[PDB]
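Protein chains in written order, with UniProt numbering: chain A, 127 to 145, 158 to 811; chain W, 5 to 54, 93 to 150; chain V, 2 to 64, 80 to 238; chain P, 12 to 125.
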Amino acid sequence: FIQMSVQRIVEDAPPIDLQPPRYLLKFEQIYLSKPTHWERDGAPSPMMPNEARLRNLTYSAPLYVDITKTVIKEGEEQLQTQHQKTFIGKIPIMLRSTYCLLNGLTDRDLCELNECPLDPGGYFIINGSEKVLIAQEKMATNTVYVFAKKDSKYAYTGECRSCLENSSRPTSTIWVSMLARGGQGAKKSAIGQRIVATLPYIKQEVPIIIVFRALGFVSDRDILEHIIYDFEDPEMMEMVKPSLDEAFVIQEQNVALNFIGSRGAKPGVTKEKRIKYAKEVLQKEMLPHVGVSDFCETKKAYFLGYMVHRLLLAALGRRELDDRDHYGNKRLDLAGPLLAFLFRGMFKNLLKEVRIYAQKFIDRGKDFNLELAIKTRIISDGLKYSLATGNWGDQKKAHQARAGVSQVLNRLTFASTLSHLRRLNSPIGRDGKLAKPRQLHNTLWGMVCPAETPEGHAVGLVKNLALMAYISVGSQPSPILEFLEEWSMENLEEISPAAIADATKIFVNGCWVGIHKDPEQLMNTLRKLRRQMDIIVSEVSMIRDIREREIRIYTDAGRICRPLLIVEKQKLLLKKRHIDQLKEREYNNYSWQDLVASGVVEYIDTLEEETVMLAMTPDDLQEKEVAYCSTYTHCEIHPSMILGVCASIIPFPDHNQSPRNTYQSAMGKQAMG
Amino acid sequence: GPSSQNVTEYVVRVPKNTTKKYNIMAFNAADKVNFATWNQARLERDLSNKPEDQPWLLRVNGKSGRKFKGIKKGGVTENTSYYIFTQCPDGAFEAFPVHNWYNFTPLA
Amino acid sequence: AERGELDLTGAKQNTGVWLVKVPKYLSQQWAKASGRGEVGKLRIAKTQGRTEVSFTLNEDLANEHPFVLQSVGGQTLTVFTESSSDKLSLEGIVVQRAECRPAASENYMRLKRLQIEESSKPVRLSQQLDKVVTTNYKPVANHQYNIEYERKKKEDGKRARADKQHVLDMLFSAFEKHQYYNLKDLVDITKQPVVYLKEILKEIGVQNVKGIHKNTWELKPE
Amino acid sequence: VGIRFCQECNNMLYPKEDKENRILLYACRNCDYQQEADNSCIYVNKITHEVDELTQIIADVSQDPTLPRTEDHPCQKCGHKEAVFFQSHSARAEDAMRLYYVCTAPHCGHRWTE
Ligand SMILES: [Zn+2]
Ligand SMILES: [Zn+2]
């Protein structure tokens, strides 16, 4: 969050051209310094983490920036000037990070500052207290989910929450419904159900053929090739036929834009404004993750077609509905993706009030001075407030925020400290009687502890993660895309929609980016690149489902992983040569990292864990016989790493009744030591 | 035949300048347009947008003899430039840069 | 002869053109075209069962690229021009499309060095500062205030206290061109005090809202 | 049973009736392109839904490392003695415990129930 996610926020911000002459302001580079305390008479000095606890201080670091200012009056000269290292505010610092005063110290120095060499770190010091951030769960984004609400007018529904690469405060969601069959009426009884859509920023439902024509594609031979990929299927074409009958009279682009443009946040009184209003809402709020530019609108058509092609498959009964609690559809918000969300809303709020100070000060035409425009109390007191009190919002917004984050570290016993820095939280209510978000799901194998959970009203709502579970941090999809195009992947534009029936649609991070005609050789080429870490980092997951005939790739942050042992034909890849040189790490410089980079272990996500065949122990499951299976793909290290922190101090836990192991894990957290 | 038994070698040049910008004019094959039927054509930037960005308006065989609208492609040199290769009387090849891609479609 | 007139000569000649896709790094090499702008030589070998085209860089331009032929079917392609004299011309119809690809000369790491060399400057990073930079200086008169003070010393002194009747020559002068003028427009002419100017305006005229506030004075219709 | 597209404006051709020669005519509602019908039937509705999924399963499923295999039932079209079997895994699961097979030999793709 502090090396990349903060530099991008100020760099990708609109300048403030303002005005006769007019002025320029844009931000270039961000710096930080080590945490510092300003004495009573203005002499600075580095604060150590201990004084922050004793004197009820706050452990933070000052923040600077470079601003350049050019005046544009066409006065036969463009006068530019810059003020570098301008003060902005102060950011809290997580202890033992790369920006703390305790980074990379030895035990002889950690004891010299009165610090414990065993202290793990990973918490903030805010007004003397010690705060810890709880990872929040969240539904995965940029994918299509098909549910069935058995209470309302809809017989089926699709969803896709979109967000354009960490750059939007909201996330636009779009449904693609389908009305019920038993609609009591002597009119639509014969034609059938009509596919509907509920776009954002509009009041009324919209038929899909209308919103298709608003992108061009007025013809009905071109629309029905984005939605149906093979015309030898009469059963599906019959289902889409009664979708054209109601969108038959409105048969051109401009009148279509007026139809959707008539019902917005503002009903257009004139015509050109509606045709203008309907233009961007269908261009910057519809599927922003595909592309937000006004060009490349053939992609927004294919994806909207795939979203509808997938809704019909769920009605003919050819593919099963999606699961809400399947743990492969969830993401986790750590301290990174949480403080970055809170820093946007306070950097925009800092630019919104340089204008108000510039306009009031430039109408009198005197001059401009920026060091007096920056209100430094915006970022400092903004972060420090929400962290200290918990409500994830603003001070005047103590009613619209999500509460329960950022509670105080537990220091009763050393194993109650570790079990606090490793804790999840599902944001559903704390008294709802619905059992399906509380029961234990099959997909929690090896990534969340099965026994450790509190009783009372919060049963199954907070959970602790297992010992070897590892959460990903994120990366950029740029280097995989440049490799995919040079490995014979046809783009979407330069292809004919009839060469799509026997091809495997290739997704990357949620976006449809082409097709391919020989997938099985692409796959085991993508994999042997990751095994030895040339182009692709080790935390990307690559799924291939043979039946639905597609391939998915993920690179974002929040997916949960765990290492496994790679298995070839029927033998492990971990030979003895790796052990007798791994018991020597003290004076050999051979460690875990040299083990991943040699292709003997591998991180396996939850989604990827459905296309795998695991063996639980080598010497017993990989022997040729009349055998259960013969195509094992991975092997576990030790099956005892499926337990949390407080549940792995129980001797012989496989001999007790199950509710007993839950009580002790919530009871060894309050034992004196 | 020479498509199976033909061997040759020609020089390629890429001139740093041209007397005219080079663009691509693309037609749907499915229409199978007889260019011979084009006695004349008019070609003007589209007026809905009331310049270099303007979509083209092509009027063939008179104002209503034949008419198409050309819409600019999103990109043309975003990763790889496109070149026009032309044969010269000296056998050597001449390469011309593609400035833009316009999509042309038929109009009732 | 008209601006919107399109030459159809190329088409009517059935003139053919070739279309080739070229990587940017090569295209960047080509912007440095040797001599007039020749970038090398093209080699074409056709056999009974196969056909091979490739291009080889000019030795100068250097300081085998196989071709992949692409289909032009499904979309008719023609080339049209704009001269430096803005004359318009259709040179031909595209009879071939092709792509220049690497072959047995590189692997991914080699391809990667080139991407890095193209960055030179990447997306910006948050650097680590040493100690703390100075933030508060010791300025005496704020620079903005001093500029305002000078303008106020250069102004507030050209008040035309005299010309008791001559202004009226200049005021009426302006009033004939437009029936009414915003107080500010009248001030832009008379540098004398507004209060005293309003007395001169009130003496020879009346102010109408004209309908959108904007204090506006006009000559009496009598 | 299929669908008909207009040859001028590429739209959906509706069926119409003419009172002259007693023949089905397919008409358009944007233009009025015409032609006659060869099969002279319009609507069909299969309620039994007894479609055999031998027409819906793909031949590349034999590349799945998570499916059981067999040495008993060999392939008929090629004689390979290794198959991979599974269940319907679809709707119409009232009495659906059949067992479809797929040959695993490369470039055979033969499928058969039993
Ligand atoms: Zn028609
Ligand atoms: Zn077989």
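Even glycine gets a Cβ: it sits at the ideal position worked out from N, Cα and C.
Verify the contact flag: residue i, CB atom, against every heavy atom of ligand 1, threshold strictly below 6 Å.
i, result
"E390 of chain A", "no"
"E19 of chain P", "yes"
"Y692 of chain A", "no"
"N647 of chain A", "no"
"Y44 of chain P", "yes"
"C699 of chain A", "no"
"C39 of chain P", "yes"
"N304 of chain A", "no"
"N15 of chain V", "no"
"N59 of chain V", "no"
"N22 of chain P", "yes"
Output needed for residue i: all residues of its chain with C-beta closer than 7 Å, excluding positions within five of it in sequence on either side, in chain order.
i, result
"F481 of chain A", "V132 and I135"
"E384 of chain A", "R332 and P345"
"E47 of chain P", "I34, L35 and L36"
"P575 of chain A", "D463, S564 and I566"
"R687 of chain A", "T642"
"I388 of chain A", "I348, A394 and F397"
"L27 of chain V", "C116"
Only counting the same chain, and skipping five residues up and downstream in sequence, which positions put a Cβ closer than 6 Å to that of residue i?
i, result
"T514 of chain A", "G227"
"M779 of chain A", "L605 and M606"
"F127 of chain W", "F135 and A137"
"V203 of chain A", "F165, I168, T224 and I226"
"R160 of chain A", "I210"
Exposed or buried, which one is residue i when buried takes at least 16 other CB atoms within 10 Å?
i, result
"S123 of chain W", "buried"
"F39 of chain W", "buried"
"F56 of chain V", "buried"
"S518 of chain A", "buried"
"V110 of chain V", "buried"
"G104 of chain W", "exposed"
"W730 of chain A", "exposed"
"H81 of chain V", "buried"
"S803 of chain A", "buried"
"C42 of chain P", "exposed"
"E82 of chain P", "exposed"
"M810 of chain A", "exposed"
Beta carbon of residue i: closer than 6 Å to some heavy atom of ligand 2?
i, result
"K88 of chain P", "yes"
"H121 of chain P", "yes"
"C114 of chain P", "yes"
"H118 of chain P", "no"
"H464 of chain A", "no"
"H141 of chain W", "no"
"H91 of chain P", "yes"
**Study point:** Three or more C-beta pairs below 8 Å linking the region 126-143 of chain W and the region 14-23 of chain W
**Key:** Inter-segment contact for the region 126-143 of chain W and the region 14-23 of chain W is present: three or more beta-carbon pairs are separated by less than 8 Å.
Check your understanding: Taking three-plus beta-carbon pairs below 8 Å as touching, is the region 280-289 of chain A in contact with the region 298-309 of chain A?
Key -> Taking 8 Å as the limit for Cβ pairs, the verdict is that the region 298-309 of chain A does touch the region 280-289 of chain A.
Review point. Does the region 3-12 of chain V touch the region 119-133 of chain V, meaning 3 or more C-beta pairs lie closer than 8 Å?
Key: With a cut-off of 8 Å, the region 3-12 of chain V and the region 119-133 of chain V do not count as touching, because too few Cβ pairs lie within range.
Exercise for review: Determine, using beta-carbon pairs with one atom in the region 16-34 of chain W and one in the region 87-96 of chain V, whether at least three such pairs fall under 8 Å.
Suggested key: When Cβ pairs closer than 8 Å are counted between the two stretches, the region 16-34 of chain W is seen to touch the region 87-96 of chain V, the count reaching three or more.
**Study point:** Meets three-Cβ-pair contact criterion under 8 Å: the region 323-334 of chain A and the region 423-439 of chain A
**Key:** Touching, no.
Review point. For the 8 Å Cβ check, are there 3 or more pairs between the region 782-792 of chain A and the region 543-559 of chain A?
Key: Three or more Cβ pairs drawn from the region 782-792 of chain A and the region 543-559 of chain A lie within less than 8 Å of each other, which places the two stretches in contact.
Practice item. Would you check if there are 3 or more beta carbon pairs closer than 8 Å linking the region 232-244 of chain A to the region 488-500 of chain A? Key: No contact exists between the region 232-244 of chain A and the region 488-500 of chain A.
Exercise for review: Determine, using beta-carbon pairs with one atom in the region 73-92 of chain P and one in the region 115-122 of chain P, whether at least three such pairs fall under 8 Å.
Suggested key: Cβ pair count under 8 Å is three or more, so yes.
**Study point:** Segment contact, 8 Å Cβ cut-off, at least three pairs: the region 690-699 of chain A with the region 647-656 of chain A
**Key:** In this structure the region 690-699 of chain A touches the region 647-656 of chain A; the number of beta carbon pairs closer than 8 Å is three or more.
Review point. Would the region 143-152 of chain V and the region 159-172 of chain A be scored as touching if the rule is three or more Cβ pairs under 8 Å?
Key: Note that the region 143-152 of chain V touches the region 159-172 of chain A; at least 3 beta-carbon pairs, one per stretch, sit closer than 8 Å.
Check your understanding: Counting pairs of beta carbons, one from the region 706-725 of chain A and one from the region 618-635 of chain A, are three or more of them closer than 8 Å?
Key -> Too few Cβ pairs lie closer than 8 Å, so no.
Point to revise | Cβ pair count under 8 Å reaching 3, the region 352-367 of chain A against the region 220-230 of chain V | key: Counting Cβ pairs under 8 Å, fewer than three are found: no touch.
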